[PDB]
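*Asks:* Sequence and experimental coordinates follow.
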Amino acid sequence: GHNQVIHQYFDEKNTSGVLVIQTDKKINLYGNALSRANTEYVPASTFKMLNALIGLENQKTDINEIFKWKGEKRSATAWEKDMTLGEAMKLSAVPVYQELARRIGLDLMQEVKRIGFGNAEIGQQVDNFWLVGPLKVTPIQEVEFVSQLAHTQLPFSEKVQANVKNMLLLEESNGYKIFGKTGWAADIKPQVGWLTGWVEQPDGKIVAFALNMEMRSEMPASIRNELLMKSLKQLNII
Ligand SMILES: *C(=O)[C@@H]([C@@H]1NC(C(=O)O)=C(S[C@H]2CN[C@@H](C(=O)N(C)C)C2)[C@@H]1C)[C@@H](C)O
């Protein structure tokens, strides 16, 4: 797998991003803008993985609790229904995890400094610190986080991590499995899109990734998966 084809996938999408990969504590960089791997961006919709872990661990919820939609007009129309913590993970429904963050509370949430995620600061507003700061995390710190979650090595209960892991399955073909969570901080300039997860190769081998790239409103949501899937195809991970 050349480190140069990576460039022309990103050259052709007219973007500026990096694809971090980790295979058992050996990290390789892959992008047309490799410097972004050590650059702090807001975590956006990816924080839902740590929000679910902190909630399920502290028993502020469970994998079964159904969240009632109480009428208000939400961003996308697929969010306007009752759903559980898992279905809200797939749809990235923000209002659900906000109510969970209020159950946890700012004091208990500021667990974040114990896990050592990003700059480890959440400010005062407990329901929008991952969307416009003051929380920022580097794509290297992200790929290390999901690497521990896949190997079931995060500082939480073993049953809690495996529950969050089951909420993150995206594609299961050819004995492979690809877990991950998407993000898109559309409210900051320049915009930034995420796609952090891992690959469960058929032999159980684990390869974690953390795709970071600048976003624009005109891009499709399937521009992140398209860019990643053709890169794991090239690196012979799938
Ligand atoms: C998390 O970034 C937001 C949540 N996640 C998310 C995504 O990354 O897919 C969408 S934003 C993105 C999805 N399509 C675009 C759109 O608004 N439509 C075409 C409907 C933008 C979603 C908002 C969380 C902060 O809401």
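*Replies:* Looks like it came in fine. Numbering: from 1, shown residues only.

*Asks:* and stretch 32-41, which residues are buried?
*Replies:* Neighbour-count burial for stretch 32-41, with 16 or more other Cβ atoms under 10 Å as criterion, is recorded at 32, 33, 34, 36, 37, 41. (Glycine included, C-beta is placed from N, CA and C.)

*Asks:* got a markdown table for those residues, with distance to the ligand and secondary structure too?
*Replies:* Compiled in a markdown table, the buried residues of stretch 32-41 are given as follows (distance: Cβ to the nearest ligand atom, whole Å; DSSP: H, G, I helix; E, B strand; the rest coil):
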| residue | distance to the ligand | secondary structure |
| --- | --- | --- |
| 32 | 21 | coil |
| 33 | 20 | coil |
| 34 | 23 | helix |
| 36 | 17 | helix |
| 37 | 20 | helix |
| 41 | 12 | strand |
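
*Asks:* Now do the strands in this structure.
*Replies:* Listed in chain order, the strands of the chain (DSSP state E) span 17-22, 27-28, 169-171, 177-185, 191-200, 206-215.

*Asks:* Would you reformat those strands as a markdown table and include distance to the ligand?
*Replies:* Shown next, in a markdown table, are the strands of the chain (distance: least, Cβ to the nearest ligand atom, whole Å):
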| stretch | distance to the ligand |
| --- | --- |
| strand 17-22 | 14 |
| strand 27-28 | 24 |
| strand 169-171 | 12 |
| strand 177-185 | 3 |
| strand 191-200 | 7 |
| strand 206-215 | 9 |
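
*Asks:* Let's have those in TSV, adding mean neighbour count.
*Replies:* Output for those, formatted as TSV (neighbours: other Cβ atoms under 10 Å):
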stretch	mean neighbour count
strand 17-22	24
strand 27-28	14
strand 169-171	14
strand 177-185	22
strand 191-200	24
strand 206-215	24
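
*Asks:* Need the max-distance pair from the buried residues of stretch 32-41.
*Replies:* 32 and 41 (16.6 Å; Cβ to Cβ).

*Asks:* Count the neighbours of the residue in the chain that the ligand sits nearest to for me.
*Replies:* Per Cβ to the nearest ligand atom, residue 45 is where the chain lies closest to the ligand, at 2.7 Å. Using other Cβ atoms under 10 Å, residue 45 has 20 neighbouring residues.

*Asks:* now it, nearest residue through space, not along the chain?
*Replies:* residue 183 (3.8 Å; Cβ to Cβ, 6 or more residues apart in numbering).

*Asks:* Give the closest residue to the residue nearest the centre of the chain in space, chain neighbours not counted.
*Replies:* Taking Cα atoms, centre = their mean, the centroid of the chain lies closest to residue 46, which sits 3.0 Å from it. Leaving aside its sequence neighbours, residue 46 sits nearest to residue 183 (Cβ to Cβ, 6+ apart; 4.3 Å).

*Asks:* Would you enumerate the residues in contact with that neighbour?
*Replies:* 43, 44, 45, 46, 92, 192, 193, 194, 195, 196 (Cβ atoms under 8 Å, 6 or more residues apart in numbering).

*Asks:* swap the cut-off to 6 Å and go again
*Replies:* 44, 45, 46, 194 (Cβ atoms under 6 Å, 6 or more residues apart in numbering).

*Asks:* The last one and residue 46 touch, don't they?
*Replies:* Read it as residue 194. Yes - at 4.8 Å, residue 194 counts as touching residue 46 under the criterion of Cβ atoms under 6 Å.

*Asks:* For burial, what's the neighbour tally of the nearest residue to residue 129 once chain neighbours are set aside?
*Replies:* Leaving aside its chain neighbours, residue 129 sits nearest to residue 122 (4.1 Å; criterion: Cβ to Cβ, 6+ apart). Using other Cβ under 10 Å, residue 122 has 21 neighbouring residues.
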